[PDB]
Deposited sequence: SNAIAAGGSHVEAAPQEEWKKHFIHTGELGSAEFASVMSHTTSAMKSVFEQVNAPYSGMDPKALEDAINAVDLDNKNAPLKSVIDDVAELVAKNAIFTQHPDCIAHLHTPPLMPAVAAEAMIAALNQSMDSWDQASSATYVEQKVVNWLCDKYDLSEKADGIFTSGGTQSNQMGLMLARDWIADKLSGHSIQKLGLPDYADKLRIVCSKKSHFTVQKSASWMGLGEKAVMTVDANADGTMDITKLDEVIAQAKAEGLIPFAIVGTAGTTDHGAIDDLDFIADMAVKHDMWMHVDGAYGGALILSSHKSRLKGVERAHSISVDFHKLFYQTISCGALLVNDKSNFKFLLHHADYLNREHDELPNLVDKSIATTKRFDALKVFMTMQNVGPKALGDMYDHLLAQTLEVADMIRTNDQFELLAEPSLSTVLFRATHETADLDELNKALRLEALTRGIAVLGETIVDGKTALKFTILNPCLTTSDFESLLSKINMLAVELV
């Protein structure tokens, strides 16, 4: 009935159909510009309980306010108190400050609202995604039978590559269709091999697909975080001696805490020797394929599958991930948002070389930051960097450092002074920088170390 009133809530084609659209989006842009301009820390420091109370009090039933005012309210309450990856002291996790071409692509994705499940919901988008996927297969130097699909991120990609592996091995061993029949009777013997430092989405993937955490067999890691190749075949051979069936092996290209890259070529050799599927978790370090350091990923091009997550080191907005396969017939076992537009635009604008130069810069800078910590007597460096993470702690001659560094991390977060990672290294609490922003200077790091020390002094 009052359809004329409803027209303002929607975009329409033809003359004047998008005037309100342009007005509203111009308004949202200015609102966000004002937020960014007034940000002076990674977090506002607002009491999380007070923030929670104010959000909980918001009226979602009888407010019915003009959209521009709802945008102002969200700017003020939501945006102002968010975590600003764009601030130099937000430096904890694989949580990327977004690239401009991805933020622009999102504006077009939203307005078009294409659905990737069929051509007639995603005409030009279907071809864009395939073009990006084709280009990706070329960058990782995959075979002529290679293909890929965009997913929600590294988690869904890991789960998909491993679920492909699950169906692949059952078909191999006994021509058994898991898709039609469920898991085969020997499923309880199947085992996925991975490092102690691989992402927990390996165990989670195994649970989801019905094998359970018990299906995951770990191999000891080295001290730099890499899988220990001198133990690998032994773990596989002992399993087989016990009647177990190692069917998949996960090589990690960029561990979450160390940024370690497994020996992919040796892992690929093991996959050949023992007839396993190699899945490469390239969520973090897969971006190095564009850099001067591509050689560290040698063996990746031999993978059965590879998870690539663009919303980490490619700086794309969440979600943006792909799963690649060396042989697209493996997609037979399996027989949605336009996130590929982000990568399509990025590569035309910033381009792959620039991205690689950024990563070269990040690796060098991370070495420099380790050196800064090493020579600073209020800190202790806890590992030598492998990629763009730094592992370190505040130090004191009498204080209980586990206690100090846990308190430190949470205080810095709560006050909005810095957003720092926290892990265990060698049995000790470590703080973590995950350096992603390629525009930080040594003075940023110097100021960051000083903020952290000033907090340590008070605890």
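K.L.:
Numbering the deposited sequence from 1, which residue ranges have no coordinates here?
P.N.:
Counting from residue 1, the stretches without coordinates are 1-13, 349-372, 497.
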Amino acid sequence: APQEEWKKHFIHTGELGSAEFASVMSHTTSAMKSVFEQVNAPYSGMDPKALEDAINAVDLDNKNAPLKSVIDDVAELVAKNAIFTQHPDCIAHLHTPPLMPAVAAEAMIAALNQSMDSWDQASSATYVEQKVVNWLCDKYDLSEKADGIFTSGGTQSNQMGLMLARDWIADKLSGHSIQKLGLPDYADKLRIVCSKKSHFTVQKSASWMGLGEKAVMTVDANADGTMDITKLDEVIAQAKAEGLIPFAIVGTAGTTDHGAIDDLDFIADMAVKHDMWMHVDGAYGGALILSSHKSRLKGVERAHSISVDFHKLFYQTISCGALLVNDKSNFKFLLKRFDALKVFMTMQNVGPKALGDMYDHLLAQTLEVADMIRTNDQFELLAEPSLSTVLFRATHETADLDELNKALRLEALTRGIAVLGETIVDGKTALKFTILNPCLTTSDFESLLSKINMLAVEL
From here on, numbers count along this sequence of modelled residues.
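K.L.:
Going by the mean C-alpha B-factor recorded in the entry, which is higher: 241-249 or 377-385?
P.N.:
Result of the comparison: 377-385.
K.L.:
Averaging CA B factors per stretch from the PDB record, which one is higher: 97-105 or 160-168?
P.N.:
Going by the record's values, the stretch with the higher mean is 97-105.
K.L.:
Among 208, 277, 135, 200, which carries the highest Cα B-factor?
P.N.:
Result of the comparison over 208, 277, 135, 200: 200.
K.L.:
Based on the PDB record, which member of 154, 175, 182, 212 exhibits the highest Cα temperature factor?
P.N.:
Each of 154, 175, 182, 212 was compared by C-alpha B-factor; the highest is 154.
K.L.:
Relative to the other modelled residues of the same chain, rank the CA B-factor of residue 310 and answer lowest, middle or highest third.
P.N.:
Within its chain, residue 310 is a highest-third residue by C-alpha B-factor, going by the deposited values.
K.L.:
Lowest, middle or highest third of the chain for the C-alpha temperature factor of residue 262?
P.N.:
Tercile = lowest for this residue's CA B-factor.
K.L.:
Taking the chain's C-alpha temperature factors as the reference, tell me which third residue 196 falls into: lowest, middle or highest.
P.N.:
Its C-alpha B-factor belongs to the highest third of this chain's values.
K.L.:
Based on the entry's values, in what third of the chain does the Cα temperature factor of residue 79 lie: lowest, middle or highest?
P.N.:
It belongs to the middle third of the chain when residues are ordered by C-alpha B-factor.
K.L.:
Can you work out whether the C-alpha temperature factor of residue 294 puts it in the lowest, middle or highest third of the chain?
P.N.:
Within its chain, residue 294 is a middle-third residue by C-alpha B-factor, going by the deposited values.
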